[PDB]
Amino acid sequence: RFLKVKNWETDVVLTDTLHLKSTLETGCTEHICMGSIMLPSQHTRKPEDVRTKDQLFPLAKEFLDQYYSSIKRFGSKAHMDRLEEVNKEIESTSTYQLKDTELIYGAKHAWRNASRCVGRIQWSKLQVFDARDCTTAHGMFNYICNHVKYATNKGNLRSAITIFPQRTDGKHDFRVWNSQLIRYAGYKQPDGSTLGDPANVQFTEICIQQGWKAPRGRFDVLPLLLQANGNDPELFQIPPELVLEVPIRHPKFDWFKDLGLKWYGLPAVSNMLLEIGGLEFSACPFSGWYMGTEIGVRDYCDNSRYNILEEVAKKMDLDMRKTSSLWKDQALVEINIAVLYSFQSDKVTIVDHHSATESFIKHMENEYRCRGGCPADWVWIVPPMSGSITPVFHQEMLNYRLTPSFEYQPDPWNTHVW
Amino acid sequence: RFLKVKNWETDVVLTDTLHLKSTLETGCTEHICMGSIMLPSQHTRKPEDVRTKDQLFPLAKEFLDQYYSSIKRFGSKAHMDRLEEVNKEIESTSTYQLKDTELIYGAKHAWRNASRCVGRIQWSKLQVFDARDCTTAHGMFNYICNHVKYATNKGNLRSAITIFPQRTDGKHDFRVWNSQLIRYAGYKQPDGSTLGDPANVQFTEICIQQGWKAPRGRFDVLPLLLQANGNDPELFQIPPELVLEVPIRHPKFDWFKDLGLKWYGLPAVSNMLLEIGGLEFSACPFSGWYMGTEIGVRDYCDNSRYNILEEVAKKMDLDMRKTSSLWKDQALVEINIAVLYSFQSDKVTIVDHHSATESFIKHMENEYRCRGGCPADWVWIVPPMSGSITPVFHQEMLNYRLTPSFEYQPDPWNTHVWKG
Ligand code: HEM
Ligand code: HEM
Ligand SMILES: Cc1cc(N)nc(COc2cccc(OCC3CCNCC3)c2)c1
Ligand SMILES: Cc1cc(N)nc(COc2cccc(OCC3CCNCC3)c2)c1
Ligand SMILES: C[C@H](O)[C@H](O)[C@H]1CNc2nc(N)[nH]c(=O)c2N1
Ligand SMILES: C[C@H](O)[C@H](O)[C@H]1CNc2nc(N)[nH]c(=O)c2N1
Ligand SMILES: [Zn+2]
């Protein structure tokens, strides 16, 4: 019932009471742990699944109850009157609207409960842009551009989420088909390999399939593909002036820059579903700033990504004959030193994995005292390099699902009717 | 029910039907995941929890069932008579003895089932030494020495395990107090600094208290502390000629040797409990060979261990002033390069993390093919550096508990009833 977590490097023990509020399910049972499945059913929301009048009210009450608790006015007339108001409106309309205040609290808290996110110490500083009055793709494009500009802030990045109208009958969905607002194109060849980013090959083709003339570079910023109100989606190019990029160079190896690598500054996840008080915001792109490893370990070095390790090791003149020389490892460290140094040099916000994990531990400790715990997913929180020399490695974490939340949702192209 | 696991680097999908044979429990529920908890309730065995006839026979039946399928004799006359024999023996004596074959099979399986072990490709080559005739500590010391010598094999290491008598009434336990058979002393100093291995401080105090005269150096092999038949434990120095050690140097850095580091060649875990057919074998040391990171990342570089990163980064004159310089990540790699280099030079078996994880992926796929699954703990299988440039990071894994199995048990010094 009450539950301990131990840091094995510091012997600190924290008691968890927050988990007993867990409203959603994990994927696990007494018989099988699923802690390392990317996408259990539970973590996804399929669009067929429209909320019914009966399921919606419980969800609303629970949400409004925590809302009114947070502003220390639990069980007050304003609490009670709101609960009735929303009640009535469900009874009549079969949905309800959130007050701005609730929208903002809802968004901040979905981030707060993102148990896979290492960056949550920052959860309370989110800028929320209410785009609920949007009606078209053009509108969405305008909203996104404003989001991007505000977030980038000349390199001094600021967290933001833009919130498009909530799902209704699931026929009128707003969606951003892009998985991130800013990503590079991926192209195959007759040759057979890949040019640019292999992660985006399909999506890159879906855009070309829609009229995108592609400049066919290794770093073509993909067009936004936007869908308002269940309509066919539309292509739009983000003004390059709004897309901050960093050329990647090494603080010690001047040959580094000769590979002509760069990366974009703004990580802005776009494909997720934001759920507040049973309401579904299926388009809610959000952004903050990069932990260095997301670019350097994963984006460059994952086999099925830019896979530059082989290339970097060669220029480093390391013994690539045998795994046991740790050449892959050696190179991985330099590549990451480079990314951090470039961003830092161009005064664009970035955090190293040592620092982020330190902050997250402070954050857990804060959440244990003030809230009674902090849901956390060790498989995702531990960074993908130097795992055990970061303090999160030695930290037991409890993972459970609280609401409001971000959830995954199927790729729109498998679901949309034309 | 069928269950699917995806590998996100290769899109290989596998199907687990084996989880359906899973008896024990995880710690998780529909509403919590305890997958990152180190010692959950269910992964441990308190010695006060000694089994009744009541619960024993199903566990015995289950196990003998598994045993006779593996040798293709399910429902054999030999199978039924063994069932009735064991049954008669349980009602009569309240326990029962494993045949040699069953001990051998049980032990391989515990290993095969060890979901936190990346070494498992090797599970079928385990030398099992049956020490079920041992009645004393001195008997224990003698057995362990033969294990160490045989497993060491002049640097060409061989998996082995030594199995001492099972629990009876939980008052007569055999136990190896050591957590590993070979380990370096740790000494807290009055100024608060530690000399030798910080992991081992407590155990070192117990030893010193039990009579050990401590050389008090940075790398002193601790004596064995051994309990037989529930008796107070006794002390023994492994003969040094039996302890293979490898001085640590770096292929390119000549100053590295001057850090004065060395490590022992044989990883040999001695504190776990072996559960076979409901039977409990509370001293059962087993040994293998090292994955480099186990010394190079954890043993030297954990803040809570020899913590040599500072000194190695110093000597590389790295920019240690900001973390964002990755001086820790850089020092970590060099140290690990050094560890693999020293072991290979001296022809002491060792495996690097890339090579071990690749093997484990092949093992795992084969285990799905022919066994119907492979229980795996991702949190433990992924290496402690360079996670995502090894293929296990991208591998979805089902974790669940099968018997036979290796369990944790509480530290003997916490539970033992002193004879004085
Ligand atoms: C401010 C800097 C931030 C940093 C450094 C950061 C860091 C991370 C990292 C490393 C991950 C792991 C995912 C991966 O490897 O691709 C992650 C996941 C995530 N973060 Fe953040 N984060 C930040 C801000 C945000 C913001 C603003 C939100 C939303 C408001 C957010 C919500 C999430 C969610 C939902 C996930 C995981 C989705 C899932 O699988 O369930 N984070 N974060
Ligand atoms: C062949 C050489 C072997 C290698 C390279 C190897 C590798 C490993 C590693 C790296 C771990 C994780 C431990 C840690 O990081 O602290 C581990 C766990 C384990 N291995 Fe091995 N292993 C080997 C042989 C064996 C043998 C012979 C056995 C028993 C017969 C065994 C049983 C285990 C068990 C039971 C655990 C996990 C303990 C737990 O439940 O928490 N392994 N192995
Ligand atoms: C706002 C934000 C900031 C940041 N630094 N990093 C992120 C990335 O976090 C997410 C959040 C949700 C999904 C996701 O993508 C999953 C893919 C799967 C393969 N590896 C990582 C990317 C990544 C977001
Ligand atoms: C036979 C063998 C070979 C090998 N290479 N590595 C191992 C390591 O296996 C274990 C098996 C059980 C416990 C354990 O360590 C547990 C604690 C927790 C943190 N690490 C060290 C002590 C390590 C065994
Ligand atoms: C199979 C495994 O669950 C998958 O590769 C996960 C593991 N941990 C991760 N952790 C982070 N931060 N990001 C990821 O994409 C993944 N991938
Ligand atoms: C809290 C966490 O479970 C703990 O630090 C675990 C994580 N993964 C590990 N993995 C291995 N191989 N060895 C370990 O000791 C640990 N420690
Ligand atoms: Zn779990």
Side-chain angles (χ1 to χ4, degrees), chain A residues 45 47 95 97-98 100 103-104 106-107 110-111 126-153 157-185 200 202-204 206-212 220-244 264 266-276 279-288 406-418:
Chain A
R45 292 277 188 278
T95 180
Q97 304 311 305
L98 292 167
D100 300 11
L103 183 74
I104 284 143
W111 184 10
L126 192 63
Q127 186 48 236
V128 176
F129 291 118
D130 180 355
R132 280 176 302 164
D133 65 350
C134 192
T135 63
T136 76
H138 276 94
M140 296 176 62
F141 169 76
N142 187 40
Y143 273 112
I144 281 152
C145 280
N146 293 338
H147 179 131
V148 166
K149 183 180 211 132
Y150 173 89
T152 299
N153 183 37
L157 312 172
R158 282 168 314 188
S159 292
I161 176 166
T162 296
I163 299 159
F164 293 101
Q166 68 212 49
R167 183 189 261 94
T168 47
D169 63 8
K171 288 181 169 184
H172 291 64
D173 276 15
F174 291 73
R175 313 266 337 232
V176 182
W177 287 37
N178 314 65
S179 61
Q180 295 164 75
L181 301 176
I182 296 150
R183 287 196 85 164
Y184 302 122
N200 299 314
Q202 180 166 52
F203 179 83
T204 299
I206 303 188
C207 300
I208 288 151
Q209 198 174 166
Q210 287 275 189
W212 204 50
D220 298 357
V221 179
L222 279 154
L224 292 171
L225 219 205
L226 305 175
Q227 159 201 313
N229 218 224
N231 285 50
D232 290 350
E234 295 178 42
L235 285 186
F236 304 94
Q237 179 222 290
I238 310 169
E241 49 270 11
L242 300 183
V243 175
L244 182 58
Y264 53 96
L266 196 72
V269 169
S270 41
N271 56 187
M272 287 199 90
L273 188 145
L274 168 64
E275 176 199 50
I276 301 163
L279 305 171
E280 322 209 287
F281 302 97
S282 74
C284 55
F286 51 91
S287 56
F406 294 106
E407 300 296 340
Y408 285 104
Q409 76 197 318
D411 285 342
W413 50 97
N414 326 6
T415 344
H416 179 69
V417 263
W418 295 89

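Heavy atoms only: backbone and side chains are in, while hydrogens, waters and symmetry mates are out. First the proteins, then the strands, lettered A, B, ... as listed; each starts at 1.
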**Message:** Does A/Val221 form a side chain to side chain contact (heavy atoms under 4.5 Å, CB included) with A/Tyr184? I'd like the steps, not just the answer.
**Reply:** CA-CA 5 Å; A/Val221 179; A/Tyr184 302 122; 4.3 Å; yes

**Request:** Given side chain to side chain contact (heavy atoms under 4.5 Å, CB included), test A/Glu234 with A/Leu226 step by step and report yes or no.
**Result:** CA-CA 5 Å; A/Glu234 295 178 42; A/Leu226 305 175; 5.6 Å; no

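- With sequence neighbours left out, the side chain to side chain contact (heavy atoms under 4.5 Å, CB included) criterion links A/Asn414 to A/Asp411.
- Nearest heavy atoms, A/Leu235 versus A/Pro223: CD2-CG, 3.7 Å.
- For the pair A/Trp418 and A/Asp232, the minimum side-chain heavy-atom distance is below 4.5 Å.
- Considering only residues two or more places apart in sequence or on other chains, A/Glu280 meets the salt bridge (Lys or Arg N to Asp or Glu O under 4.0 Å) condition with A/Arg51, A/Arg167.
- Pairs passing the salt bridge (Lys or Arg N to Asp or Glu O under 4.0 Å) check and including a residue from residues 129-140 of chain A, sequence neighbours excluded, read A/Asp100-A/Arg132, A/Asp130-A/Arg132.
- Separation of atoms CZ (A/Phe203) and CH2 (A/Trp413) is listed at 6.5 Å; rounding is to 0.5 Å.
- Taken from SG in A/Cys134 to CG in A/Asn229, the straight-line distance is 9.5 Å, to the nearest 0.5 Å.
- With a 4.5 Å cut-off on side-chain heavy atoms, A/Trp177 and A/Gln227 count as touching.
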**Message:** Is there a side chain to side chain contact (heavy atoms under 4.5 Å, CB included) between A/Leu181 and A/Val176? Walk through the geometry before answering.
**Reply:** CA-CA 8 Å; A/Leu181 301 176; A/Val176 182; 4.2 Å; yes

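- Between A/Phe281 and A/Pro165, the closest heavy-atom pair is CD2-C, 4.3 Å.
- Side-chain contact between A/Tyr264 and A/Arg183 is present, with heavy atoms from C-beta onward closer than 4.5 Å.
- In terms of heavy atoms, A/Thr204 sits closest to A/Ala185 at OG1-CA, 3.4 Å.
- With sequence neighbours excluded, no residue satisfies side chain to side chain donor-acceptor pair (under 3.5 Å) with A/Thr135.
- Under the 30°/60° scheme for interplanar angles, the aromatic rings of A/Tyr143 and A/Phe164 are found to stand perpendicular.
- Under the 3.5 Å distance criterion, the side-chain polar atoms of A/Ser270 are matched with a main-chain donor or acceptor of A/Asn178.
- Between the CG atom in A/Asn231 and the CZ atom in A/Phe174 there is a gap of 9.0 Å [rounded to 0.5 Å].
- Taking the six-membered ring wherever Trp is involved, the centroid distance between the rings of A/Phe129 and A/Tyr150 falls below 6.0 Å.
- Residue A/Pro239 comes nearest to A/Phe141 through the heavy atom pair CD-CZ, 4.1 Å, listed as atom of the first residue, atom of the second, then distance.
- Looking at A/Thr95 and A/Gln166, their side chains do bring a donor and an acceptor atom within 3.5 Å of each other.
- In this structure, NE2 on A/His147 lies 12.5 Å from CE on A/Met140, to the nearest 0.5 angstrom.
- Closest approach of A/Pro285 to A/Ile144, counting heavy atoms only: CG-CG1, 4.5 Å.
- Within the 4.5 Å cutoff, the side chain of A/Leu126 has heavy atoms near those of the A/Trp111 side chain.
- The nearest pair of heavy atoms linking A/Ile161 to A/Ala107 is CG2-CB, 4.2 Å.
- Note: A/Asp220 CG to A/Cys207 SG = 11.0 Å, rounded to the nearest 0.5 Å.
- Taking 4.5 Å as the limit, every side-chain heavy atom of A/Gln237 sits out of range of all side-chain heavy atoms of A/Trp212.
- A/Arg175 pairs by the salt bridge (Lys or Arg N to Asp or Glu O under 4.0 Å) definition with nothing, not counting sequence neighbours.
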**Request:** Start with the C-alpha distance between A/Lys149 and A/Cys145, add both sets of side-chain angles, then the distance that settles side chain to side chain contact (heavy atoms under 4.5 Å, CB included), and finish with yes or no.
**Result:** CA-CA 6 Å; A/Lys149 183 180 211 132; A/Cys145 280; over 6 Å; no

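- Between the side chains of A/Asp173 and A/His416, no donor N or O sits under 3.5 Å from an acceptor N or O.
- Separating the CZ atom in A/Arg158 from the CG atom in A/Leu266 is a distance of 11.0 Å, to the nearest 0.5 Å.
- Counting only distance, with no hydrogens or angles, the side chain of A/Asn271 and the backbone of A/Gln180 share no donor-acceptor pair below 3.5 Å.
- Taking A/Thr152 as the reference, nothing meets the side chain to side chain donor-acceptor pair (under 3.5 Å) condition, with sequence neighbours excluded.
- Of the possible donor and acceptor atoms, one in the side chain of A/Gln409 sits under 3.5 Å from a partner among the backbone N and O of A/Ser282.
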